[PDB]
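Asker: File data_17.cif below, mmCIF, C-alpha atoms:
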data_structure
#
loop_
_atom_site.label_atom_id
_atom_site.label_comp_id
_atom_site.auth_asym_id
_atom_site.auth_seq_id
_atom_site.Cartn_x
_atom_site.Cartn_y
_atom_site.Cartn_z
CA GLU G 1 -36.73 -19.74 -47.06
CA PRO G 2 -36.18 -18.53 -43.48
CA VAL G 3 -32.55 -17.58 -42.88
CA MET G 4 -30.74 -18.50 -39.66
CA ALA G 5 -27.56 -16.41 -39.50
CA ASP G 6 -25.24 -17.53 -36.70
CA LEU G 7 -23.09 -14.49 -35.90
CA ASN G 8 -21.85 -16.08 -32.68
CA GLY G 9 -18.18 -15.98 -33.65
CA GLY G 10 -17.54 -19.63 -32.82
CA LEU G 11 -18.55 -19.51 -29.15
CA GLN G 12 -20.74 -22.58 -29.68
CA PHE G 13 -17.57 -24.72 -29.73
CA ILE G 14 -16.55 -23.84 -26.15
CA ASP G 15 -17.50 -26.72 -23.89
CA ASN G 16 -19.03 -25.36 -20.67
CA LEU G 17 -19.01 -21.71 -21.71
CA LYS G 18 -20.42 -20.57 -18.37
CA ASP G 19 -17.81 -22.45 -16.36
CA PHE G 20 -15.04 -21.20 -18.64
CA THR G 21 -16.13 -17.56 -18.37
CA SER G 22 -16.33 -17.98 -14.59
CA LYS G 23 -12.85 -19.52 -14.58
CA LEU G 24 -11.41 -16.58 -16.52
CA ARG G 25 -13.18 -14.03 -14.33
CA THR G 26 -12.02 -15.78 -11.15
CA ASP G 27 -8.42 -15.99 -12.38
CA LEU G 28 -8.40 -12.31 -13.37
CA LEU G 29 -9.99 -11.22 -10.09
CA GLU G 30 -7.57 -13.39 -8.10
CA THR G 31 -4.63 -11.75 -9.87
CA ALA G 32 -6.11 -8.29 -9.34
CA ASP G 33 -6.77 -8.95 -5.64
CA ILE G 34 -3.29 -10.39 -5.07
CA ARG G 35 -1.59 -7.39 -6.68
CA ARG G 36 -3.96 -4.99 -4.88
CA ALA G 37 -3.09 -6.51 -1.51
CA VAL G 38 0.63 -6.46 -2.31
CA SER G 39 0.47 -2.82 -3.42
CA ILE G 40 -1.56 -1.73 -0.37
CA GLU G 41 0.76 -3.54 2.04
CA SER G 42 3.83 -2.06 0.35
CA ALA G 43 2.28 1.41 0.54
CA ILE G 44 1.55 0.96 4.25
CA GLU G 45 5.14 -0.19 4.77
CA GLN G 46 6.48 2.93 3.06
CA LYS G 47 4.08 5.07 5.10
CA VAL G 48 5.14 3.61 8.46
CA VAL G 49 8.83 3.59 7.50
CA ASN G 50 9.22 7.07 5.99
CA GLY G 51 6.51 8.63 8.17
CA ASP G 52 3.55 10.72 7.06
CA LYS G 53 1.93 19.78 -5.33
CA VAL G 54 -0.12 22.93 -4.73
CA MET G 55 -2.76 23.33 -7.45
CA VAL G 56 -3.86 26.85 -8.33
CA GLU G 57 -7.64 27.21 -8.10
CA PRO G 58 -8.99 29.13 -11.12
CA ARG G 59 -10.89 32.38 -10.65
CA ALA G 60 -13.11 34.36 -12.99
CA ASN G 61 -11.29 37.18 -14.80
CA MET G 62 -14.13 39.45 -15.93
CA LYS G 63 -12.04 41.66 -18.20
CA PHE G 64 -14.82 43.72 -19.79
CA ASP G 65 -12.77 43.99 -22.95
CA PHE G 66 -13.66 46.12 -25.93
CA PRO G 67 -13.44 44.61 -29.42
CA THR G 68 -9.84 43.80 -30.27
CA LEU G 69 -8.22 46.38 -32.54
CA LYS G 70 -6.08 45.12 -35.40
CA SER G 71 -2.90 46.86 -36.49
CA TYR G 72 -3.26 49.47 -39.21
CA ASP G 73 -1.17 47.35 -41.58
CA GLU G 74 -3.51 44.40 -41.04
CA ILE G 75 -6.54 46.66 -41.54
CA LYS G 76 -5.08 47.96 -44.80
CA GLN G 77 -4.46 44.37 -45.89
CA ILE G 78 -8.17 43.61 -45.37
CA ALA G 79 -9.36 46.76 -47.17
CA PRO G 80 -6.64 48.72 -49.02
CA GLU G 81 -8.79 50.74 -51.44
CA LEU G 82 -10.98 52.41 -48.80
CA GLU G 83 -8.50 55.00 -47.49
CA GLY G 84 -10.00 58.48 -47.29
CA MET G 85 -13.08 57.53 -49.30
CA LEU G 86 -15.98 57.67 -46.82
CA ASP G 87 -17.30 60.62 -44.81
CA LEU G 88 -16.77 59.68 -41.17
CA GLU G 89 -19.37 62.25 -40.14
CA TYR Z 1 18.72 15.51 27.74
CA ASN Z 2 19.71 16.00 24.09
CA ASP Z 3 22.39 13.27 23.79
CA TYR Z 4 20.43 11.23 21.27
CA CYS Z 5 23.69 9.65 20.10
CA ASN Z 6 23.70 7.53 23.28
CA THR Z 7 20.06 6.39 23.10
CA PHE Z 8 18.76 3.01 21.99
CA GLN Z 9 15.79 0.69 22.44
CA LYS Z 10 15.99 -3.10 22.30
CA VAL Z 11 12.45 -4.51 22.07
CA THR Z 12 11.98 -8.28 22.02
CA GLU Z 13 8.68 -8.46 20.18
CA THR Z 14 6.35 -11.11 21.52
CA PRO Z 15 5.90 -14.07 19.14
CA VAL Z 16 3.24 -13.21 16.56
CA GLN Z 17 1.34 -16.04 14.87
CA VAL Z 18 0.48 -15.05 11.29
CA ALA Z 19 -1.93 -17.28 9.36
CA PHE Z 20 -1.51 -17.31 5.57
CA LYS Z 21 -4.78 -18.82 4.32
CA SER Z 22 -4.70 -17.12 0.91
CA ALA Z 23 -2.49 -16.82 -2.14
CA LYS Z 24 -2.61 -13.06 -1.59
CA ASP Z 25 -1.39 -13.61 1.98
CA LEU Z 26 1.62 -15.57 0.73
CA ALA Z 27 2.08 -12.91 -1.96
CA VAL Z 28 2.28 -10.05 0.55
CA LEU Z 29 4.71 -12.07 2.68
CA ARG Z 30 6.99 -12.67 -0.30
CA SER Z 31 6.66 -9.00 -1.28
CA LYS Z 32 8.12 -8.05 2.11
CA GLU Z 33 11.80 -7.47 1.37
CA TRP Z 34 12.78 -7.99 5.02
CA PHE Z 35 11.39 -11.56 5.01
CA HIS Z 36 13.69 -14.30 3.67
CA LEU Z 37 12.82 -17.99 3.26
CA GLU Z 38 15.72 -20.37 3.92
CA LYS Z 39 13.65 -23.60 3.86
CA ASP Z 40 11.30 -24.08 0.90
CA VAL Z 41 8.24 -25.66 2.54
CA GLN Z 42 4.46 -25.31 2.50
CA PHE Z 43 3.07 -23.49 5.54
CA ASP Z 44 -0.34 -22.24 6.63
CA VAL Z 45 0.73 -20.62 9.93
CA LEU Z 46 4.08 -19.09 10.90
CA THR Z 47 5.40 -17.68 14.18
CA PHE Z 48 7.56 -14.53 14.00
CA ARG Z 49 9.94 -13.97 16.93
CA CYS Z 50 11.85 -10.71 16.42
CA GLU Z 51 14.20 -8.40 18.35
CA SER Z 52 13.93 -4.81 17.13
CA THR Z 53 16.77 -2.39 17.87
CA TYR Z 54 16.08 1.34 17.52
CA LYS Z 55 18.62 4.16 17.57
CA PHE Z 56 17.35 7.73 17.88
CA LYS Z 57 18.71 10.83 16.17
CA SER Z 58 15.84 12.93 17.57
CA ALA Z 59 12.81 12.55 19.82
CA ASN Z 60 10.51 11.31 17.03
CA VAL Z 61 13.13 10.20 14.46
CA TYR Z 62 15.02 6.90 14.53
CA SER Z 63 18.70 7.10 13.59
CA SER Z 64 18.65 3.43 12.64
CA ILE Z 65 16.11 0.60 12.91
CA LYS Z 66 17.37 -3.00 12.81
CA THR Z 67 14.92 -5.89 13.22
CA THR Z 68 16.30 -9.44 13.29
CA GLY Z 69 14.07 -12.44 13.82
CA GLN Z 70 13.47 -16.14 13.25
CA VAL Z 71 10.26 -17.25 11.54
CA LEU Z 72 9.15 -20.69 12.72
CA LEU Z 73 6.82 -23.36 11.34
CA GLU Z 74 5.21 -26.26 13.18
CA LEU Z 75 5.48 -29.25 10.86
CA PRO Z 76 2.79 -31.96 10.74
CA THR Z 77 5.34 -33.95 12.76
CA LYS Z 78 4.85 -31.15 15.41
CA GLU Z 79 8.56 -30.31 15.30
CA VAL Z 80 9.13 -26.55 15.18
CA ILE Z 81 11.72 -25.49 12.59
CA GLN Z 82 13.03 -22.16 11.33
CA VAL Z 83 11.73 -21.78 7.76
CA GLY Z 84 13.09 -18.27 7.38
CA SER Z 85 14.41 -15.10 8.93
CA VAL Z 86 13.52 -11.44 9.26
CA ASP Z 87 16.30 -8.96 8.50
CA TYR Z 88 15.17 -5.33 8.26
CA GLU Z 89 17.62 -2.43 8.32
CA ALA Z 90 16.89 1.25 7.74
CA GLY Z 91 18.27 4.68 8.51
CA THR Z 92 16.06 7.70 9.16
CA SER Z 93 12.64 6.19 9.83
CA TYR Z 94 9.41 6.81 11.73
CA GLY Z 95 8.43 3.23 12.58
CA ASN Z 96 9.26 -0.44 12.24
CA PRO Z 97 7.49 -2.03 9.23
CA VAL Z 98 8.04 -5.53 10.62
CA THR Z 99 6.25 -4.70 13.86
CA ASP Z 100 3.49 -2.87 11.98
CA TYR Z 101 2.94 -5.81 9.63
CA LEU Z 102 2.90 -8.40 12.41
CA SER Z 103 0.58 -6.26 14.54
CA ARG Z 104 -1.94 -5.71 11.74
CA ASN Z 105 -1.80 -9.11 10.02
CA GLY Z 106 -0.92 -11.35 12.98
CA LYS Z 107 -2.18 -12.26 16.44
CA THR Z 108 0.21 -12.57 19.35
CA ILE Z 109 0.31 -15.85 21.25
CA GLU Z 110 -1.65 -15.79 24.52
CA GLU Z 111 -4.08 -13.01 23.70
CA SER Z 112 -5.45 -11.25 26.79
CA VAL Z 113 -9.21 -11.80 26.92
CA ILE Z 114 -10.83 -9.09 29.05
CA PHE Z 115 -14.02 -9.75 31.01
CA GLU Z 116 -17.12 -7.71 30.24
CA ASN Z 117 -17.47 -6.91 33.96
CA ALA Z 118 -14.46 -6.69 36.25
CA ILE Z 119 -14.66 -8.85 39.38
CA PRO Z 120 -13.70 -6.83 42.50
CA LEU Z 121 -11.65 -8.97 44.87
CA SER Z 122 -11.64 -8.40 48.64
CA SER Z 123 -12.80 -4.98 49.87
CA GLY Z 124 -11.53 -1.55 50.86
CA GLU Z 125 -11.28 -2.68 54.49
CA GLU Z 126 -9.17 -5.79 53.92
CA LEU Z 127 -7.02 -4.24 51.17
#
Would you mind giving the structure from this file in structure tokens?

Answerer:
Amino acid sequence: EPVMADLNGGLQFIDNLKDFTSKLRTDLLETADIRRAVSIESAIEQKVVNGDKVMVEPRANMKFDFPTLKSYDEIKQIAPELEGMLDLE
Amino acid sequence: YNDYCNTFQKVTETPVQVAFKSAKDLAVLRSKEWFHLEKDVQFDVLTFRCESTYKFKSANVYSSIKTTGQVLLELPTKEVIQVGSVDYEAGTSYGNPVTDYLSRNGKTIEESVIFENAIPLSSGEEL
């Protein structure tokens, strides 16, 4: 038979879902606006009362570097049995 | 003259009528530390009458700023009563926050409305 699967999470039980969502949004925005106005006014008060960090700007470092050379001990750890075995010429 | 120790400036600020038609407006007023409410009442318009007193340590720097004022409310009875006071005190400062707040968020009583075209009176012969 056809299967209706309500995955709504119980939102069907909220009476006037649109009005409730609008109420929550309006309350949150009212709080945000009140605190925004308070913060801005306080900041202006500090500015007028007390009157009116240097970041280093990166630059390219084109170090035309040769392949890094490992220490001889570290080279011998990678290949110990090769000493004096191959003709460099 | 460099004797800034002997300087001062008493400015009676003209009464500023501030209208608080928003919860955020009341919120900013209560966030002002210099504003104190001595009578718990509901108001939509207040009148701030203040007397700033500046003391200078330098040309641009105030040694001490002290603003004292009486905030008034016109009741529905039309009696005017002091609902609160302004008491701001600060040391080294570059302005008066009370005056700045009242200037930005309030209109002075008897605003001067300026004509678009000035009306010349008399003439250069009579004057």

Asker: When the PyMOL selection byres ((chain G and resi 38) around 9) is applied to the file above, which residues end up in the set, as a PyMOL selection string?

Answerer: (chain G and resi 33-37+39-43) or (chain Z and resi 24-25+27-29+31-32)

Asker: So which residues touch residue Z:105 within 10 Å, counting only C-alpha atoms, skipping near sequence neighbours fewer than 5 positions away, as a PyMOL selection string?

Answerer: chain Z and resi 16-20+25+99-100

Asker: Report as CSV: every residue of chain G with an atom at most 6 Å from chain Z, its closest pair of atoms, and their distance in Å to one decimal, counting only C-alpha atoms, with rows sorted by chain and ascending residue number.

Answerer:
residue,atom,partner,partner_atom,distance
G:34,CA,Z:24,CA,4.4
G:38,CA,Z:28,CA,4.9
G:45,CA,Z:97,CA,5.4
G:48,CA,Z:95,CA,5.3
G:49,CA,Z:95,CA,5.1
G:50,CA,Z:93,CA,5.2
G:51,CA,Z:94,CA,4.9

Asker: Starting from the shown file, work through the PyMOL selection byres ((chain Z and resi 57) around 9) and note down what comes out as a ChimeraX atom specification.

Answerer: /Z:3-5,7,55-56,58-64,92

Asker: Could you please determine the separation between atom CA of residue Z:77 and atom CA of residue Z:104 in Å, to one decimal place?

Answerer: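 Computed distance, atom CA of residue Z:77 to atom CA of residue Z:104, equals 29.2 Å.
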
Asker: Just the number, please: distance in Å from atom CA of residue Z:75 to atom CA of residue Z:111, one decimal.

Answerer: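 Going from atom CA of residue Z:75 over to atom CA of residue Z:111, I get 22.8 Å.
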
Asker: Just checking: using all atoms listed in the file, which residue out of Z:127, Z:114, Z:11, Z:50 ends up closest to residue Z:88?

Answerer: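 Closest to residue Z:88, using all atoms listed in the file: Z:50.
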
Asker: The residues within 9 Å of (14.1, -19.9, 10.1), using all atoms listed in the file and the coordinates of the file, should be reported as a PyMOL selection string; which are they?

Answerer: chain Z and resi 36-39+69-73+81-86

Asker: What does the structure give for the distance between atom CA of residue Z:8 and atom CA of residue Z:51, in Å to one decimal?

Answerer: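 Taking atom CA of residue Z:8 and atom CA of residue Z:51, their separation equals 12.8 Å.
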
Asker: Considering all atoms listed in the file, can you say which of Z:67, Z:112, Z:2, Z:14 comes closest to residue Z:49?

Answerer: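 Answer, going by the shortest atom-to-atom distance: Z:14.
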
Asker: Supply stretch 21-36 of chain Z as a CSV table (one decimal), in the coordinates of the input, with N, CA and C atoms built in where the input has gaps.

Answerer:
chain,number,residue,atom,x,y,z
Z,21,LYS,N,-3.7,-18.0,4.9
Z,21,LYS,CA,-4.8,-18.8,4.3
Z,21,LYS,C,-5.2,-18.3,3.0
Z,22,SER,N,-4.3,-17.6,2.2
Z,22,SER,CA,-4.7,-17.1,0.9
Z,22,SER,C,-3.4,-16.9,0.1
Z,23,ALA,N,-3.6,-17.1,-1.2
Z,23,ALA,CA,-2.5,-16.8,-2.1
Z,23,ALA,C,-2.0,-15.4,-2.0
Z,24,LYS,N,-3.0,-14.5,-1.8
Z,24,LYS,CA,-2.6,-13.1,-1.6
Z,24,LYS,C,-1.8,-12.9,-0.3
Z,25,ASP,N,-2.1,-13.7,0.7
Z,25,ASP,CA,-1.4,-13.6,2.0
Z,25,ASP,C,0.1,-14.0,1.8
Z,26,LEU,N,0.3,-15.2,1.1
Z,26,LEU,CA,1.6,-15.6,0.7
Z,26,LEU,C,2.3,-14.5,-0.2
Z,27,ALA,N,1.5,-13.9,-1.0
Z,27,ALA,CA,2.1,-12.9,-2.0
Z,27,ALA,C,2.6,-11.7,-1.2
Z,28,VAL,N,1.8,-11.2,-0.2
Z,28,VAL,CA,2.3,-10.0,0.6
Z,28,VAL,C,3.5,-10.4,1.4
Z,29,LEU,N,3.5,-11.6,1.9
Z,29,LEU,CA,4.7,-12.1,2.7
Z,29,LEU,C,5.9,-12.1,1.8
Z,30,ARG,N,5.8,-12.6,0.6
Z,30,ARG,CA,7.0,-12.7,-0.3
Z,30,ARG,C,7.3,-11.3,-0.8
Z,31,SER,N,6.4,-10.4,-0.9
Z,31,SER,CA,6.7,-9.0,-1.3
Z,31,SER,C,7.4,-8.3,-0.2
Z,32,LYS,N,7.3,-8.6,1.1
Z,32,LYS,CA,8.1,-8.0,2.1
Z,32,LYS,C,9.6,-8.3,1.8
Z,33,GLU,N,10.4,-7.3,1.6
Z,33,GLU,CA,11.8,-7.5,1.4
Z,33,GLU,C,12.5,-8.0,2.6
Z,34,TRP,N,12.1,-7.6,3.8
Z,34,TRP,CA,12.8,-8.0,5.0
Z,34,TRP,C,12.6,-9.5,5.4
Z,35,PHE,N,11.7,-10.2,4.7
Z,35,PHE,CA,11.4,-11.6,5.0
Z,35,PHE,C,12.2,-12.4,4.0
Z,36,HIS,N,12.9,-13.4,4.5
Z,36,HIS,CA,13.7,-14.3,3.7
Z,36,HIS,C,13.3,-15.7,4.1
